[PDB]
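Report on the structure given below.
Don't worry about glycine lacking a Cβ; one is built from the backbone with ideal geometry, like all the others, and counts go over all protein chains shown. Each answer follows from the model by the rule given with it, or from the source it names; nothing here is a laboratory result.
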Amino acid sequence: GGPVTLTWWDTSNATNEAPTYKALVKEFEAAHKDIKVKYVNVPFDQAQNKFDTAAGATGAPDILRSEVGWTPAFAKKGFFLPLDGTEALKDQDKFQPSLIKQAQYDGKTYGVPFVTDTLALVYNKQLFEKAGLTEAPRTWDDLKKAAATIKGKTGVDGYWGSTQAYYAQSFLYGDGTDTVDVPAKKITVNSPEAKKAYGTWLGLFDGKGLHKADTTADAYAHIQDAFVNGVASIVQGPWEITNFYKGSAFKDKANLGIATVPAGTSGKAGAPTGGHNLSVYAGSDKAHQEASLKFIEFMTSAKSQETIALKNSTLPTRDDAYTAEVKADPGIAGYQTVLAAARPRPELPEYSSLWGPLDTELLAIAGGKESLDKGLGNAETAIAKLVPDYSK
Ligand SMILES: OC[C@H]1O[C@H](O[C@H]2[C@H](O)[C@@H](O)[C@@H](O)O[C@@H]2CO)[C@H](O)[C@@H](O)[C@@H]1O
């Protein structure tokens, strides 16, 4: 009869975010001797499928850094334990209520808001200043023109957009639409507004200053390597702030300009809301569940979140965690303003599963393998399988 051996499957950045969390794991083990936590970093791309496999069978973890979109999905699948009336939610009033709504499923909370974020048009102030530009482009049409001016002046590419569906979601919000209509229940991916929205996204690869699409699976890493070293601007979240400062372009932290994503035909801009929630596995024995409820209370404390914000530059979920040290950081202050345009996700557990087919079909459209209506038509049929309550 020794201590309780827990296992936390972390999905954060292994270089920037993991060291900060590995330090908090030791702080909990130092204060609580009867509990031991086994740190395991699982790549984000594989974390959803790996947990879905393990949760039903054996080798499942006790705690999981679940994404805000996977929490209602795994809560629907019965893998997560409900945290209503537990020591993990002792400070339920301190968190943002909108983030507690994302963790909820069928009127019951299955996760504790750990971190939060949204995409934002990050840019290089030196290259924009050298190109005779003061402010960031307000619309997608201004971004196309701004890139050609930056290319003509400096000779560096003005913009390199991501081929992924999560990043392409900002265009649907820009043109006044979404992937699906939940109240009416209908697939709006092959609709008038989506065809135009994706048409604008597809148009941002071709042009002077605009970098062409990359069909590789690791395209994401090329977009960081380019922007960190010095491409003029990209659409990215706050989790790469620490990664940006490591590069040669952003030695000066003030050089990193953070503006809201440009708007479309709707007038106002829009970006997808994200983040992660800590959630306990229901199949674990009652001993490990009680020990895990204590870990989440500590990990989502005012002290821990305030520390995490200073190290990782990620936005805390608690309102009390925003001190002057946190507000003084350029990154956090810059992303708190763009958070105004972050569109919350609707009450649909399969909403995140809809990006799966889109990531495949959009990479075909961007790569020049299929036409625009070809891929969107296939995505509309592939989406209908995962959610047949629409129809098209
Ligand atoms: O790709 C969409 C995805 O982006 C963000 O996920 C990050 C996350 O901050 C960390 O786990 C990081 O280490 O890697 C992920 C890479 O995507 C958002 O946090 C997430 O909501 C969104 O689905």
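Per this entry, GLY56 is counted among residues that are in the same structural domain as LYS286 (by CATH) and either surrounded by fewer than 15 Cβ atoms within 10 Å (Cβ to Cβ) or farther than 14 Å from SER292 by Cα (or both).
Looking at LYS130, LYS94 in this structure, which one is of a type in the set (D, E, K, R), more than 13 Å from the ligand (Cβ to nearest atom) and not assigned by CATH to the domain that holds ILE258? After ruling out the rest, the residue left standing is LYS94. Residues that are in a helix (DSSP H, G or I) and closer than 26 Å to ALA217 by Cβ were ranked within the stretch 144-167; the one that is nearest to the ligand (Cβ to nearest atom) is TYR166. Scan the stretch 208-256 for residues that are crowded, with 20+ Cβ neighbours inside 10 Å, β-branched (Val, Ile, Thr) and touching a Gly at 6+ places or on another chain (Cβ under 8 Å) and the total you get is 4.
Can you tell me which residue is surrounded by the fewest Cβ atoms within 10 Å (Cβ to Cβ) among those in the stretch 168-180 that are in contact with a helix residue (DSSP H, G or I) (Cβ under 6 Å, 6 or more places away or on another chain) and within 23 Å of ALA217 (Cα to Cα)? Checking each candidate, the answer is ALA168.
Of the residues in the stretch 348-357, none is away from the ligand (no atom under 16 Å from the Cβ) and surrounded by 15 or more Cβ atoms within 10 Å (Cβ to Cβ). Exactly one residue out of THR109, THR134 is out of contact with any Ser or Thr (no Cβ under 7 Å at 6 or more places or on another chain) and surrounded by fewer than 21 Cβ atoms within 10 Å (Cβ to Cβ): that is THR134. Per the listing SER284, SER292, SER301, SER233, the residue uniquely more than 16 Å from the chain's Cα centre (by Cα), outside the structural domain of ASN13 (by CATH), of a type in the set (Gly, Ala, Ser) and more than 16 Å from the ligand (Cβ to nearest atom) is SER233.
Every condition in (1) basic (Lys, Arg); (2) more than 16 Å from the ligand (Cβ to nearest atom); (3) more than 22 Å from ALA340 (Cβ to Cβ) is met by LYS246 except one, and the failing one is (2).
Pairs meeting the criteria (first residue in the stretch 19-44 and within 25 Å of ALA221 (Cα to Cα), second residue among the aliphatic types (A, V, I, L, M) and away from the ligand (no atom under 16 Å from the Cβ), beta carbons under 8 Å, at least 6 apart or on different chains) are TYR39/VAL25.
Number of residues in the stretch 104-121 that are within 13 Å of the ligand (Cβ to nearest atom) and either among the aromatic types (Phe, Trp, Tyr) or assigned to a helix (DSSP H, G or I) (or both) equals 1. Of all the residues in the stretch 271-280, those that are within 18 Å of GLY78 (Cα to Cα) and touching a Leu at 6+ places or on another chain (Cβ under 7 Å) number 2.
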